[PDB]
Amino acid sequence: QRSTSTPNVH
Amino acid sequence: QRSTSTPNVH
Amino acid sequence: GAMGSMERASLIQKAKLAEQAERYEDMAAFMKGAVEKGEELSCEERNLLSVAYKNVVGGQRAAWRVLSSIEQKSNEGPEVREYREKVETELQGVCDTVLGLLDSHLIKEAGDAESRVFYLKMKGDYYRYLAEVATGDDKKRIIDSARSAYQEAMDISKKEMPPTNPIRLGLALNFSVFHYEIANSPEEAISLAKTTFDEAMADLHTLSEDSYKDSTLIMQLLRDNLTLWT
Amino acid sequence: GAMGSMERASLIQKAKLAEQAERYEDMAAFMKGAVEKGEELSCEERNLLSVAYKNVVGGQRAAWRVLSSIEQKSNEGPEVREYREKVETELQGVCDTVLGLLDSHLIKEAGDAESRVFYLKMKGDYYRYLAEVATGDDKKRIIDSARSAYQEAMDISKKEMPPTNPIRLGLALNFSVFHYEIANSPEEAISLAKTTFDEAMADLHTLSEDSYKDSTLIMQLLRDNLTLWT
Ligand SMILES: *CC(=O)NCC1CCN(S(=O)(=O)c2ccc(Br)c(F)c2)CC1
Ligand SMILES: *CC(=O)NCC1CCN(S(=O)(=O)c2ccc(Br)c(F)c2)CC1
Ligand SMILES: [Cl-]
Ligand SMILES: [Cl-]
Ligand SMILES: [Mg+2]
Ligand SMILES: [Mg+2]
Ligand SMILES: [Mg+2]
Ligand SMILES: [Mg+2]
Ligand SMILES: [Mg+2]
Ligand SMILES: [Mg+2]
């Protein structure tokens with residue numbers, strides 16, 4: 001599994 | 001709501 | 001085209017990779033290149049072509065509907081109309097590309113009943129997608145072209161295919177949608193959908209081992225439309 | 001560019017329409033045009049730019065990973081490699097476009113701490129995306145460029161922003177990912193992530209009314225990575 005980076009919001 | 005047409009499969 | 005230097009088999013292989021990667025524009029381009037080699041397509045290849053272009057145009061239709069709804073709401077600045085027209089033009093370009101391939105390469109007098117029905121259904125479909133965004137003199141030409149393509153596909157399917165055949169069922173589903181949504185003929189939509197469902201059930205024993213899941217899926221979608229329409 | 005004749009405000013308006021239509025390529029093009037007017041971007045506009053290009057590159061990265069995995073499995077015909085290289089080239093083109101905008105237009109000595117941190121974080125990110133697909137001499141240059149951009153963003157954020165600020169948190173998250181995934185430094189990834197989480201909790205009272213949902217989201221993602229990494 002990959003590390004989670006900043007997602008898209010708004 | 002829209003009528004359903006043939007979907008994509010395989 | 002840009003696919004001219006690539007072997008047919010490599011183009012098919014790359015369409016499958018593109019499908020796996022969900023790169024549907026690439027997939028459509030690869031299949032356009034394969035078609036342009038001028039050999040007939042197998043069932044598996046027709047599916048690749050279908051899936052690729054339906055994904056592309058599907059995304060454009062969904063965008064167009066969003067923009068059109070915003071536009072209609074703001075008619076109760078030119079930017080909404082301008083962007084809607086931009087998406088519309090692109091959608092029309094994709095439909096014209098598909099209809100060109102069908103006319104130049106794919107639709108023939110010879111071949112499988114399946115293949116001939118499938119390509120005429122596809123012609124009906126991509127004319128219908130043009131009809132969704134059309135307005136004037138262009139529109140009645142387009143609607144007539146869709147009906148003509150569908151009606152010819154129907155005649156062949158009824159003579160040459162069992163009532164559970166997935167192409168026959170998929171065609172009838174899409175034609176009923178045409179009747180309801182484009183031609184403004186709900187009674188004809190309902191009668192076709194009902195007749196298609198009932199005749200498939202009546203001859204349920206004709207389900208094929210290699211496609212029965214597809215057949216039953218379309219039968220349920222016919223039932224869903226009938227419930228929505230009554 | 002092709003957006004040169006359009007008013008800045010119309011370009012912003014169309015980016016928002018494109019977002020609503022999920023037309024992220026169009027959205028990215030509209031925002032590129034807005035940036036090229038050479039005025040600073042607001043918070044709302046920086047978000048549009050960020051969302052547009054992350055969606056575009058995100059789709060390319062996901063495709064690239066699929067093809068790369070197929071390629072690696074088939075090394076246990078040239079078509080898989082060729083298509084992977086095609087997607088890779090396109091991904092690199094998008095990253096180069098973003099890094100060009102940052103360097104030509106967006107990164108300055110002046111302005112908000114927020115804005116300066118945000119653009120340096122973005123530079124770190126798009127270098128990291130290049131580093132995911134890089135191989136040779138090109139790669140070490142790229143990794144050094146990512147670290148440098150991130151490390152400068154970190155220095156500013158720690159001096160000028162509260163520990164719960166979403167840009168500060170988002171930057172620290174992405175830098176920890178860099179450490180873990182690109183730089184092969186799991187200990188530094190973990191220490192940064194832990195320190196970022198603990199200092200935000202310690203100063204939880206600094207949450208802002210207009211962004212606390214974003215802050216808490218990133219805090220949870222820091223905790224998710226820490227759980228995955230230990
Ligand atoms: C043998 C053959 O021609 N196969 C390809 C086609 C491609 C898809 N069509 S369809 O659009 O009529 C269709 C799509 C999805 C489902 Br679940 C269907 F039942 C039919 C049929 C076969
Ligand atoms: C005021 C301002 O600069 N707003 C725009 C940025 C754009 C997105 N970043 S971020 O990538 O650091 C980020 C994305 C998503 C979440 Br949930 C974040 F917390 C941070 C921050 C603000
Ligand atoms: Cl436009
Ligand atoms: Cl290729
Ligand atoms: Mg060939
Ligand atoms: Mg028009
Ligand atoms: Mg019978
Ligand atoms: Mg202007
Ligand atoms: Mg390479
Ligand atoms: Mg304190």
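Values below: every heavy atom of this structure, side chains too, minus hydrogens, waters and symmetry copies. To find a chain, count down the sequence lines: A is the first, B the second, and so on, and within it residues start at 1.
The two residues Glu79(D) and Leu17(C) come nearest to each other via the heavy atoms O-CD1, 4.1 Å.
When the shell of 6.0 Å around CD of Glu209(C) is examined, it contains 12 or fewer heavy atoms from other residues, nucleotides or ligands. Heavy atoms from other residues, nucleotides or ligands lying under 6.0 Å from CG of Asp137(C) number 12 at most. Around the CD atom of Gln220(D), the shell of radius 6.0 Å holds more than 12 heavy atoms that belong to other residues, nucleotides or ligands. The 12-atom threshold is not exceeded at CD of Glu44(C), counting heavy atoms of other residues, nucleotides or ligands nearer than 6.0 Å.
Looking at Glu71(D), neither its backbone nor its side chain comes within 4.5 Å of chain C, counting heavy atoms on both sides.
Interatomic distance, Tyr83(D) OH to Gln13(C) CD, rounded to the nearest 0.5 Å: 12.5 Å. Between atom NZ of residue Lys14(C) and atom CD of residue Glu82(D) there is a gap of 4.0 Å, rounded to the nearest 0.5 Å.
Between chain C and the residues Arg23(D), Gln20(D), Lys86(D), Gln60(D), the most heavy-atom pairs under 4.5 angstrom are made by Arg23(D).
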